[PDB]
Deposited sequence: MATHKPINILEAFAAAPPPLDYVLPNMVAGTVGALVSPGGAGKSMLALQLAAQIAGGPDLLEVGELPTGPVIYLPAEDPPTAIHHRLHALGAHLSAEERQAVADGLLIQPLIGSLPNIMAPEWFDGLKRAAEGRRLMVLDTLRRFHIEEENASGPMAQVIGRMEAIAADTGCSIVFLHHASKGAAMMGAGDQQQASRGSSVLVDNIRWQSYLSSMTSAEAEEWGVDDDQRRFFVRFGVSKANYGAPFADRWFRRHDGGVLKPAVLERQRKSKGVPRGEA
């Protein structure tokens, strides 16, 4: 929110200091987006990412990430659904990993709460909930505001508010979005369920395509290129790397 001018001479003289990535190619202290059609698994993947930064294992094999307290704000799923996802995830975690996640990760369900980042008391409240956290996840942005998502003005105000919170507190904010916003943000990732055409090409049967999703970073400023991943959906929806041959057509 308020900054001193850069000390230029000091930025030239001080050693090349590594960018700090909250998520692959996302600079810590900023706002990013996870984008996909409803149902593709954003809520699972975000949960897994949240748990990982909280100190659980890199199950997705996206690479090791700095740890810190995390706050997950699901506003669309009822608590009981969150319990199920957690329990399913839990089967993949050791006793110590589980404990680290429980220490590091706050999940504060907001279904029916009607949170509105443009109202001063919700702004304050989201800002207080970001304080002391390294990551905040909004699942999904649509439930945190009552603006027209296709209006760039109101959306600059909505995103600007998240930017102010991330800038002041150092808590990165990632919002999920059901598939503009994209132009208003600097880091963008996505999920897409395996299509009929992608199925007939990584050599998986059509009746099995529902078990795989592509994950990538479609927008970022900085870092080494991030290769698109395939994930297999295990029980409860838990995502892990998929082992896929790929079809060099004759």
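S.K.: So which bits of the deposited chain never got modelled?
M.R.: The deposited sequence has unmodelled segments at 1, 181 to 200, 272 to 279.
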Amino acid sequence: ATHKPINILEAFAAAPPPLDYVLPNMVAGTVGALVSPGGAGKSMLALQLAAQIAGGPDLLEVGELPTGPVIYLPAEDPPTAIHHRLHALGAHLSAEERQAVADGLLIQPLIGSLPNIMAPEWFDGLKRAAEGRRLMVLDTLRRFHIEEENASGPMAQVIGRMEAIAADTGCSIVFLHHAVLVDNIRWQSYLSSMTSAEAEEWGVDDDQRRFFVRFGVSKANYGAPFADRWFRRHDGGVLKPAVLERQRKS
From here on, numbers count along this sequence of modelled residues.
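S.K.: Comparing 143 to 151 with 92 to 100, which has the greater mean CA B-factor as deposited?
M.R.: Averaged over C-alpha atoms, the B-factors run higher in 92 to 100.
S.K.: For the C-alpha atoms alone, is the average B factor greater in 180 to 188 or in 62 to 70, going by the entry?
M.R.: Higher of the two, by average CA B-factor, is 180 to 188.
S.K.: With respect to C-alpha B-factor, does residue 120 fall in the lowest, middle or highest third of the chain as deposited?
M.R.: Highest third, going by the recorded CA B-factors of the chain.
S.K.: Select lowest, middle or highest to describe the third in which the CA B-factor of residue 57 falls within its chain in this entry.
M.R.: As the PDB entry reports it, the C-alpha B-factor of residue 57 lands in the highest third of its chain.
S.K.: Is the Cα B-factor recorded for residue 114 in the lowest, middle or highest third of its chain?
M.R.: Ranked within chain, residue 114 CA B lands in the highest tercile.
S.K.: Going by the recorded CA B-factors, say which third of the chain residue 227 sits in, lowest, middle or highest.
M.R.: Residue 227: CA B-factor falls in the highest third of its chain.
S.K.: Would you mind checking where the Cα B-factor of residue 131 ranks among the modelled residues of its chain, as the lowest, middle or highest third?
M.R.: Within its chain, residue 131 is a lowest-third residue by C-alpha B-factor, going by the deposited values.
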